[PDB]
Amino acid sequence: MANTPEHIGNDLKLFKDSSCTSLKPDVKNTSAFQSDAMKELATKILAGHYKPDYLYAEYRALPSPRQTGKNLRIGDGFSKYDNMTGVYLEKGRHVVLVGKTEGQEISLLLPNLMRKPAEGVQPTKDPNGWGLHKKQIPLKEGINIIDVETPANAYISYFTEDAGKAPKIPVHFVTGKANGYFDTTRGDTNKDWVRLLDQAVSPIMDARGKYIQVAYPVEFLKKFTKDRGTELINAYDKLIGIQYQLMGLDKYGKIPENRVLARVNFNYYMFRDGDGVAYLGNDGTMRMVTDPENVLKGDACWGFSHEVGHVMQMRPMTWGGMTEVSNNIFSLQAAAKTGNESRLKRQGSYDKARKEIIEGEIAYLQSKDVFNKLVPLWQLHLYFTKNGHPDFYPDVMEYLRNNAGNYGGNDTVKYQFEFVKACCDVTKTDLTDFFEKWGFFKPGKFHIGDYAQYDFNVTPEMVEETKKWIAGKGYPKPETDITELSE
């Protein structure tokens, strides 16, 4: 009764369709079955209480994270594990039945979320590194025999260009175990959450909200979240939603379908890579990020907002020198929306930046402090928020999505002037003086040290053409000196 493609293939003929969730009406017993896997399934069905949940599901294609990023001019650090199954695969040989693919590329992901450094290895210096290791198995239409060496939650990788059009692909983990998952968009409640954790067969529970996906250990979810899984997911959704709102993605119907992943790791306190945000699986860190109130406080809120803001910061607001500047517009907004302190206020940044840049008569580009560069960007928001344009950044980011050019490396300085034009046009305000005082219009050749090093050439013509363009609009000047705004 071995689970060979020939034994399994013969058995497939006994079920009503390729889902194998029901038997042909003349199949009364299991005497004709050739495979252990399909016989065991048919025995469940014949006994009248088969639960296909999770084990069998149909998977919808998502836009690739890189397409999503390109469309919005932002990063592609969205979840590769978005199509969670709620299926856990024990060590052994598994049978996975895939429906019609129409040649679509589709694979199975088995990440090692519980990977730890070897005994006596310093976690930060792990020779295996800090990345999320996984087995990736290409799937074909039909019978897939998959050898699992270490037990794993399963995730489907199914991404295309034109996701609304691609087929739904059925996948049946015949030999799997239903770990389940928590999904607030499905209507799951705290009752569901407690039951999920109590009956979990994996050390990892998968959960998602509107925008967040989390992959955290059951032990920490029970210890700290306990009861409040809905609140936890809502809190991460609030943090991400704050960025989408500031981006104007809600206003203009452009919230991406892709989730952002926050995961456990066993190497380091907190970091972000291409897979998303990672948090150390110890009591200290897990208390901060698996408790729904703690995740919205101070350092936890800032750290998450700061990192996600690297995915969400758009290229036209993130020219050279701006990598650690434009993402913190999100951090400041998230602090304002969660009742936390202003870090610009706490650092005395308005004063530090006015002294460094305005009094120092340097170019904005030459500023040596990423909080000082953040100051005018935040003053604009605080000003326009009070003076009749509450959708300031939402409209500016939409305008730049639609109108900004396409620049890389040393050419990215052109975005500085495009950003200035966008702010004027959106608000119908002549902001020449504000930007002049903050040194946006200083000509020269500037060498700027970000992660990359930039050589910007701001010519007198570039400055004059921007100023001419603004003057030509005939907008009113603000009544007050916006550079004087402080908290």
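Sequential numbering from 1, following the sequence displayed.
Per-stretch averaging of Cα B factors for 202 to 210 and 381 to 389 places 381 to 389 on top.
As the entry records it, the average C-alpha temperature factor is higher for 98 to 106, out of 72 to 80 and 98 to 106.
The PDB entry assigns its highest CA temperature factor, among 248, 303, 92, 320, to 92.
Among the modelled residues of its chain, residue 265 has a C-alpha B-factor that falls in the middle third according to the deposited record. Per-chain ranking of the deposited C-alpha B factor places residue 361 in the highest third. Among the modelled residues of its chain, residue 63 has a C-alpha B-factor that falls in the middle third, as given in the PDB entry. In the PDB entry, a CA B factor belonging to the middle third of its chain's modelled residues is recorded for residue 408.
When the modelled residues of the chain are ordered by C-alpha B-factor, residue 164 sits in the highest third.
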